[PDB]
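Trainee: Compute the structure for the input listed below.
(2 chains)
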Number of protein chains: 2
Amino acid sequence: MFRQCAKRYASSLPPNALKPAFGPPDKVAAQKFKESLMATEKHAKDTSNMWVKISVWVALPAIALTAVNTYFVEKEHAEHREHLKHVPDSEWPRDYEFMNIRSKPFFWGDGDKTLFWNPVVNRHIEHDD
Amino acid sequence: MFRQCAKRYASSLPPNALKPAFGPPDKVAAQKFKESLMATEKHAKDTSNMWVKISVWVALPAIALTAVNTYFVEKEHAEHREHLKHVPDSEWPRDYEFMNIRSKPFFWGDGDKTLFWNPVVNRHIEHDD
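Mentor: Residues are numbered from 1 along each chain as shown, chains lettered A, B, ... in the order given. Below, you will see the structure:
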């Protein structure tokens, strides 16, 4: 019976459960910017895989130097002598066999046919196995 | 006279969709920049400069071993001093012929006489067949 004790000018019905807002905001560029991003996909490809992959890149030209440095380290020792002496000729395994054909180059020599009886034994005549 | 009214219909609705409006050049370039200056400042990054910057970081450790290698080879003659007599003869092109001409200056030398029997091959030619 008693409702609204004031005379209105136009029929209306303000909000009660929902607020339609009676004032258009100002910040509208913040939406069109974030909205364009959503659909527009920029993230792609694996950047982490390519990043670490660079390691091997510089690791190739780098080791190339360190690799040669090693040989240079023992270069001083190599030139030096400690074991494996090289003086006599008998030590040479090739010599013996080479001595055979050596009979031609020199041609002249002492005891060629007689000395030949030595190597001929190394040949060893086989029959079957 | 006049009879222009603003609100006549008792049922209005905000235009959901609008119509296109073409015309003269709008130029979105000058606006793209003016928009950034509006609130935010100019700003200027330089992450790319980090690529060359790191170059020095890795250039320190690398050159470290490189520098040490410089003295390493120098230690060669250092440790093994006293070297009046040469060695490489076939390597150095000059050496070979040099040993021949040196036969005079030296005058007296042991081992050069017999060895001289080899270089002579170059002096005289050999015609076979």
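
Trainee: switch to C-alpha atoms for all contacts and neighbour counts from now on
Mentor: OK.

Trainee: On the C-terminal side of the helix or strand hosting residue A:100, identify the next helix or strand.
Mentor: Using DSSP states H and E, residue A:100 sits in helix A:93-101. Following helix A:93-101 in sequence order, the next helix or strand is helix A:113-116 (DSSP H and E).

Trainee: Report all helices and strands that that next one contacts.
Mentor: With contacts taken as 3 or more C-alpha pairs under 8 Å, 6 or more residues apart in numbering or on different chains; DSSP states H and E, helix A:113-116 sits against no other helix or strand.

Trainee: what's in contact with that helix?
Mentor: Helix A:113-116 is contacted by residues residue A:100 when judged by C-alpha atoms under 8 Å, 6 or more residues apart in numbering or on different chains.

Trainee: Kindly format the C-alpha coordinates of that helix as PDB.
Mentor: C-alpha atoms of helix A:113-116 as PDB (Å, rounded to 0.1, in the frame of the first residue of the first chain):
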ATOM      1  CA  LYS A 113     127.400 -67.400 -51.700                       C
ATOM      2  CA  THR A 114     128.700 -68.700 -48.300                       C
ATOM      3  CA  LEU A 115     126.800 -66.000 -46.400                       C
ATOM      4  CA  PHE A 116     123.700 -66.800 -48.300                       C
END
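
Trainee: So which residues make contact with the next helix or strand after it?
Mentor: Using DSSP H and E, the helix or strand that directly follows helix A:113-116 along the chain is helix A:119-123. Outside of helix A:119-123, the residues within contact range by C-alpha under 8 Å, 6+ apart are A:96-97, A:100.

Trainee: What would I type in ChimeraX if I wanted to highlight the buried members of the residues you listed and nothing else?
Mentor: Selection of buried members from the contacts of helix A:119-123 for ChimeraX, criterion 16 or more other C-alpha atoms under 10 Å in any protein chain shown:
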select /A:96
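
Trainee: which one of the contacts of helix A:119-123 is nearest chain B?
Mentor: Nearest to chain B among these: residue A:100, at 23.3 Å, using C-alpha to the nearest C-alpha.

Trainee: Next, work out how far apart residue A:117 and chain B are.
Mentor: For residue A:117, the distance to chain B equals 31 Å [C-alpha to the nearest C-alpha, to the nearest Å].

Trainee: Could you check how many residues crowd around that residue?
Mentor: Residue A:117 has 10 neighbours, counted by other C-alpha atoms under 10 Å in any protein chain shown.

Trainee: Would you mind measuring from it to residue A:98?
Mentor: Per C-alpha to C-alpha, to the nearest Å, residue A:117 is found 15 Å from residue A:98.

Trainee: just checking, what packs against the helix or strand hosting residue A:48?
Mentor: Taking DSSP H and E as the criterion, residue A:48 maps to helix A:47-73. In terms of contacts (3+ C-alpha pairs under 8 Å, 6+ apart), helix A:47-73 is packed against helix B:49-79.

Trainee: gap between the helix it packs on and the chain center?
Mentor: 16 Å (C-alpha atoms, centre = their mean, to the nearest Å).

Trainee: Please spell out which residues along it are buried.
Mentor: In helix B:49-79, counting by 16+ other C-alpha under 10 Å, buried: B:69, B:72, B:76.
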